[PDB]
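Participant: everything below, folded, please.
(2 chains)
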Number of protein chains: 2
Amino acid sequence: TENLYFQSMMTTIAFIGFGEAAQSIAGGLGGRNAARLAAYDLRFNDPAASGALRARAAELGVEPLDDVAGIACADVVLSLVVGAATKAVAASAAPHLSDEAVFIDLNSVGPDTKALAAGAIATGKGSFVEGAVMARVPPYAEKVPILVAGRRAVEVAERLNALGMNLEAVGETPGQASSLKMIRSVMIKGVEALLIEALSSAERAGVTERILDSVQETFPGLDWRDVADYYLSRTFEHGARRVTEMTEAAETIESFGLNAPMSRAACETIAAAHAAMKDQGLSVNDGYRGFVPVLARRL
Amino acid sequence: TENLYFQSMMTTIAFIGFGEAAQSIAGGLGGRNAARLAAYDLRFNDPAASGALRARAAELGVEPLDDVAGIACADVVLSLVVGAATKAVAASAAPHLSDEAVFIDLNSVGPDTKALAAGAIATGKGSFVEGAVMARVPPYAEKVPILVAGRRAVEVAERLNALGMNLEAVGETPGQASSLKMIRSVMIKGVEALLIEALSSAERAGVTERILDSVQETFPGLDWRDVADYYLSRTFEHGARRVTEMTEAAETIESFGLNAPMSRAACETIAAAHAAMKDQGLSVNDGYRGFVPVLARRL
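Facilitator: Numbering: from 1, shown residues only, chains lettered A, B, ... in the order given. Provided below are the atomic coordinates:
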């Protein structure tokens, strides 16, 4: 019950980058022959990695391309490379895209870099759609939530959703998808940071339960102890990667001509708290009753 | 159905400071002759203010005291003076308190200053209880929520609650009541600040409604649009005074040996946003749909 125009259509996808994320995505698509798959990777040319990578390409039913120019055949090019390589990749692909083709940039970079990738693509004939991957890929494969933005975002979402992928078009302006992903971090990690600051303060003052009561009375819809349990355990376990996500978010907001003091302070806070909790005999299972006394003392 | 020990008891209260807050409190107590009331004020000695202040003392049924030494008669002394005068007041009263008397400091100062007030009182015979007034006094009079902390906090709460006041004992340690008041600000104004940062960012990126959706999905208990309506209108109207409350909260947290980056960033944010919104034709009634585009542009 997806779109007819898109089911009765010749659909070739080329990955740029054939790492884990690209592999799991191509994994879930491969058995269906939902589309002719291909992948360009530099390691396809490295004698030390070539054999092992080409076998896996064969095992997931993806064709290895020897060169970037092998993407000329694709309707949709997916760019999943190391963040640092984003622009370089874009610039390589640009001359080889057909004028109907869409390059979707799925890299973990801010709207600024996305804009430069879009610019490289524009020096050739292809279209650019900006994407942002909303979850880790392994647990979801090809149904990982992706946000897309651009002239052709609705069009590619529909086309790739007809193949079983999980895209939503969030705007016509490239930059909007990574902006949305980054800003969404601000509320979520901002709240986590506020709990860290309020609760460890409260704890040093001996009024923790009373302060949880007072937040519970002010914002009654949520169970704030469940919130503090959940998000402080997130600081415990993934504090390092949560600080990266925050650092990027501050840069995104700054990139819009806005000061980002909440995002910067939250990043600092989550990093300080993660450090504070390491090697203290805590468990992700321990709750705020567990974490807060440690943070109180260690901060 | 309050305590018998406290109803069948000789109960004299002396205010130090006879301003609005002290007047409204003494107002609601005065008609009942719930207690022998008195008040020391410097203006009781100023020919320019004396007549007018003594008439109002008579109208609310409070006795003027010519001197601080007139508090020797009180069981409970209430200190409501300008923040700056807190310690000075405490030091004046200390020699005059009886050894059964309780000095309750109700001034808008942090636990640090409260501790110094407590120290002055300790150089005499009286007891010290630390209080913190939780709302503006005019709309509540004598039933304004007060938090108290100290050895005798339970005792004074019960005694003053037997006279119709609205006290809760929150701890045995002086400093806890103002700590609790201040820290409670962190979550509340932190959230307001996070909405300002997230929403005006989102708005510059054209994804405001989507970001509200994504906060609504993450923290489903609350209606986040009502939250943003409510708290941004608070930034509009009372942004100036909300920044003071935040500045104090950062100092309180700092006073505990903790860095206060969330509190400091929130204070900055609320002040920046309040400034941004002034003289833009906005109304407290306007909601986030109204405020956010203004903040987006003006920040």
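Participant: is the helix or strand hosting residue A:188 positioned near chain B?
Facilitator: Counting by DSSP states H and E, the element that carries residue A:188 is helix A:176-204. Yes. Helix A:176-204 comes into contact with chain B (CB under 8 Å from any CB of the partner chain), by way of A:176, A:179-180, A:183-184, A:186-188, A:190-191, A:193-198, A:200-202, A:204. For the C-beta atoms, the positions are set from N, CA and C on the backbone; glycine is no exception.
Participant: tell me how many other residues crowd residue A:222.
Facilitator: For residue A:222, the neighbour count with other CB atoms under 10 Å in any protein chain shown is 14.
Participant: tell me the phi and psi of it?
Facilitator: phi -100, psi 150 (degrees, to the nearest 10).
Participant: my read: it touches residue B:223, true?
Facilitator: No. Residue A:222 is beyond contact range of residue B:223, at 11.1 Å (criterion: CB atoms under 8 Å).
Participant: where do the contact lists of the two overlap?
Facilitator: Contact criterion CB atoms under 8 Å, 6 or more residues apart in numbering or on different chains; no residue bridges residue A:222 and residue B:223 by contacting each.
Participant: what bridges to the one residue sitting closest to the centre of chain A?
Facilitator: Of all residues in chain A, the one closest to the mean position by CA atoms, centre = their mean is residue A:133, 3.7 Å from it. In this entry, residue A:133 is beta-bridged to residue A:146, by DSSP bridges.
Participant: quick one on the thing from earlier: tilt between the helix holding residue A:188 and helix B:176-204?
Facilitator: Between helix A:176-204 and helix B:176-204, the angle comes out at 180 degrees (axes from the mean of the first three to the mean of the last three CA atoms, to 10 degrees).
Participant: how about the helix or strand just after helix A:176-204: buried residues?
Facilitator: Downstream of helix A:176-204, the next assigned helix or strand under DSSP H and E is helix A:208-218. Within helix A:208-218, the residues that count as buried by 16 or more other CB atoms under 10 Å in any protein chain shown are A:208, A:210, A:211, A:212, A:214, A:215.
Participant: next, see if helix A:208-218 gets close to chain B.
Facilitator: Yes. Using CB under 8 Å from any CB, helix A:208-218 reaches chain B at A:210, A:211, A:214, A:215, A:218.
Participant: from the contact counts, what lies against that helix?
Facilitator: helix A:176-204, helix A:224-254, helix B:176-204 (3 or more CB pairs under 8 Å, 6 or more residues apart in numbering or on different chains; DSSP states H and E).
Participant: hmm, the longest one in reach of chain B?
Facilitator: Yes. Judged by CB under 8 Å from any CB, helix A:224-254 and chain B are in contact via A:227, A:252, A:253.
Participant: for the second one, which non-adjacent residue is spatially closest?
Facilitator: Just to be clear, that refers to residue A:252. Distances taken as CB to CB, 6 or more residues apart in numbering or on different chains put residue A:182 closest to residue A:252, at 4.0 Å, once the chain neighbours are dropped.
Participant: who touches the one you found in this structure?
Facilitator: By CB under 8 Å, 6+ apart, the contact set of residue A:182 is A:110, A:111, A:248, A:249, A:252, A:253.
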